[PDB]
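Data first, discussion second: the structure below is written as structure tokens.
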Amino acid sequence: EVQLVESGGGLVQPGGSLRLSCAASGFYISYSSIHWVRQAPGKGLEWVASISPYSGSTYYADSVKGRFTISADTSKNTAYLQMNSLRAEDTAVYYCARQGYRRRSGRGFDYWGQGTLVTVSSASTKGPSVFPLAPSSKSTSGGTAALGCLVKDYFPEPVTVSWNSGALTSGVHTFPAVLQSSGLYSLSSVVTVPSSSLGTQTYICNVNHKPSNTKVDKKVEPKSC
Amino acid sequence: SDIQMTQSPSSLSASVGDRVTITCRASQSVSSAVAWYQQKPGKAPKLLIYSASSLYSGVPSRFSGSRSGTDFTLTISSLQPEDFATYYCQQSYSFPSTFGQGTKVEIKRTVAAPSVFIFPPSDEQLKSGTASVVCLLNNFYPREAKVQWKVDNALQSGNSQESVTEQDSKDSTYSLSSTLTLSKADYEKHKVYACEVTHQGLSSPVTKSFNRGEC
RNA sequence: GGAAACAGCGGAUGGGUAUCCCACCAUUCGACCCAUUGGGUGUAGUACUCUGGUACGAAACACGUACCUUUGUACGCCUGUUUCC
């Protein structure tokens, strides 16, 4: 019922600017404190800012004060975090969160947005190339063989991978992205399948790279011999 | 002025049914203004406990929290499989608010040896000019594992990269991909590309390999 | 007794005064309270203030309200002292 929908994340150059918004539904933010909390890739939660109800008093973390501005538009029932002079260490998933009602959940943050990823980098957006991980061309070792797709040299995160438009989900492993020395990410998605039916079955990995508006589909087959 | 929240342990591997105790020490008094959150990978955090010890509506009664001076503890009296997560404490006594650095909780299980696959590069990537050889380690426990690449028996170092999945939802295993990156020119200079694995579940190291250009 | 005025913590000592107490001063010497170049200290009384808090209001601050506390003003009350009548 209560929801917080964030938007406005993306890739920004150092020194640049970005506005996040947090659209509330099922409650009105004018009666609650709204907070922003971020989480660097692979790190913990880090509180960023909050805005108090009825007074509009604002609070900010040490590292972002004077660079970030938090606000609430009660007419639109939406909160904002305006981020100026971004640096690379500001790269994070950004959540907005509701501080609950004083009598019901103390000062716990009882509702959270889905998060929006902000990447601060000089690197330009770059779409990925998708290459197949070919099945075992030798006989069956264990009754089953493994196949997959390699998604290489993209920026920024994320890529999402599915198989047969999501009909095939059992046994898939999509690995975390690795940052190559080139400054671009790569990841692999693999599946294990019965080797007895490789050449008579359709295997399409569905690669989506939203930051570049890229969608790729790759059929996977063992080669000539 | 600033208040730090020191959370321990940073990680914990426990079995289903174990009592779990996570602690958080505030560097000065934060009265009772402490909350605990559960976060599963790729998800937003969920509130468990507020005001140091009050259970949030909807949260199972096996979760509890308590305060003694500046020490706050989260207890799960009987760890359940859906309780794998990272737990965070947070003080909201003063601004700026502070989170603890988190405790990642993972589930023990029996040793599982890895199943190994080797992957030669596709002809299409060869068109571009780089070669990616991939080694897949599938569904093993514990997490610790060793991959060494050999090319014509010559040991490789520093031209490989690894990636590990999170613990699986059902079987509580991991998977690992190791990618060997070489220029196409160096790929054609050598003949035998092999991937050798060491793990607790293997009495002897396992080797999957191929001969460059074997159709 | 009746007004009217002024005052209100404890020594000690001294002075006078009393000449016993008692009053009356000076001096030092304390004690307690408080918001400490200082100020307050009969009152379990009131009402305004102010100091600092507690709580709630969809409310960490601000705002509103209630209560508590402190400061200081009146007012009432008790005790004196003086002058009268």
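Starting from 1 in every chain, residues are counted up; chains themselves are A, B, ... following the order of the structure tokens, and ligands are numbered from 1 as listed.
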- Item | residue 14 of chain C surroundings by only C-alpha atoms (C1' of nucleotides), 12 Å radius, close-in-sequence under 6 positions cut, as an MDAnalysis selection string | chainID C and resid 25:28
- Message: Select, as a ChimeraX atom specification, those residues of chain B with any atom no more than 8 Å from chain A (distances computed using only C-alpha atoms).
- Response: /B:33-35,43-47,49-51,56,88,92,95-102,117,119-122,124-125,161-165,175-177,214-215
- From a DSSP calculation on the backbone, collect every residue of segment 68-120 of chain A in strand (DSSP E or B) and output the set as a VMD selection string. chain A and resid 68 to 73 78 to 83 92 to 99 109 to 112 116 to 120
- Å distance separating atom CA of residue 108 of chain B from atom CA of residue 72 of chain B, one decimal place: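 Pair atom CA of residue 108 of chain B / atom CA of residue 72 of chain B returns 25.7 Å.
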Env of residue 9 of chain C: 8 Å cut, atoms = only C-alpha atoms (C1' of nucleotides), seq-sep filter 3 positions within chain, self excluded. Answer as a PDB file with N, CA, C and O atoms (P, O5', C5', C4', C3', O3' and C1' of nucleotides), in the first residue's frame.
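The resulting selection-v5.pdb:
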```pdb
ATOM      1  P     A C  31      29.851  27.410  53.420  1.00  0.00           P
ATOM      2  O5'   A C  31      28.829  26.194  53.528  1.00  0.00           O
ATOM      3  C5'   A C  31      28.312  25.791  54.787  1.00  0.00           C
ATOM      4  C4'   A C  31      26.805  25.792  54.795  1.00  0.00           C
ATOM      5  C3'   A C  31      26.123  25.786  53.436  1.00  0.00           C
ATOM      6  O3'   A C  31      26.088  24.506  52.827  1.00  0.00           O
ATOM      7  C1'   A C  31      25.090  27.388  54.830  1.00  0.00           C
ATOM      8  P     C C  32      26.320  24.354  51.242  1.00  0.00           P
ATOM      9  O5'   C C  32      24.856  24.421  50.633  1.00  0.00           O
ATOM     10  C5'   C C  32      23.771  23.795  51.293  1.00  0.00           C
ATOM     11  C4'   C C  32      22.481  24.490  50.961  1.00  0.00           C
ATOM     12  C3'   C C  32      22.292  24.849  49.499  1.00  0.00           C
ATOM     13  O3'   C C  32      21.902  23.760  48.684  1.00  0.00           O
ATOM     14  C1'   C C  32      21.754  26.717  50.821  1.00  0.00           C
ATOM     15  P     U C  41      15.171  36.973  49.267  1.00  0.00           P
ATOM     16  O5'   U C  41      15.348  35.553  49.956  1.00  0.00           O
ATOM     17  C5'   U C  41      14.527  34.461  49.575  1.00  0.00           C
ATOM     18  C4'   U C  41      14.937  33.214  50.308  1.00  0.00           C
ATOM     19  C3'   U C  41      15.036  33.356  51.822  1.00  0.00           C
ATOM     20  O3'   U C  41      13.793  33.159  52.474  1.00  0.00           O
ATOM     21  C1'   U C  41      17.013  32.355  50.983  1.00  0.00           C
TER      22        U C  41
END
```
- Message: Tell me as a ChimeraX atom specification which residues belonging to chain A come within 10 Å of chain C, counting only C-alpha atoms (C1' of nucleotides).
- Response: /A:28-33,52-59,100-103,107
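Using only C-alpha atoms (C1' of nucleotides) for every distance, the candidate list B:29, B:60, B:82, B:93 yields B:93 as the residue closest to chain C.
Once residue 15 of chain A and its same-chain neighbours fewer than 6 positions away are set aside, residues 67, 83, 84, 85, 86, 87, 88, 89, 90, 120, 121 and 122 of chain A remain within 12 Å of it when counting only C-alpha atoms (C1' of nucleotides).
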Let me see the file: selected residues, C-alpha atoms, as a PDB file, in the first residue's frame.
```pdb
ATOM      1  CA  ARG A  67      26.892  19.790  -2.248  1.00  0.00           C
ATOM      2  CA  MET A  83      23.304  16.304  -6.172  1.00  0.00           C
ATOM      3  CA  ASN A  84      25.908  18.885  -7.361  1.00  0.00           C
ATOM      4  CA  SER A  85      29.692  18.507  -7.879  1.00  0.00           C
ATOM      5  CA  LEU A  86      29.499  14.736  -7.857  1.00  0.00           C
ATOM      6  CA  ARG A  87      32.665  12.697  -7.265  1.00  0.00           C
ATOM      7  CA  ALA A  88      33.385   9.084  -8.040  1.00  0.00           C
ATOM      8  CA  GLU A  89      32.985   8.046  -4.388  1.00  0.00           C
ATOM      9  CA  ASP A  90      29.323   9.125  -4.568  1.00  0.00           C
ATOM     10  CA  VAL A 120      29.957   8.967 -11.344  1.00  0.00           C
ATOM     11  CA  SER A 121      32.671   8.421 -13.929  1.00  0.00           C
ATOM     12  CA  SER A 122      34.468  10.049 -16.851  1.00  0.00           C
TER      13      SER A 122
END
```
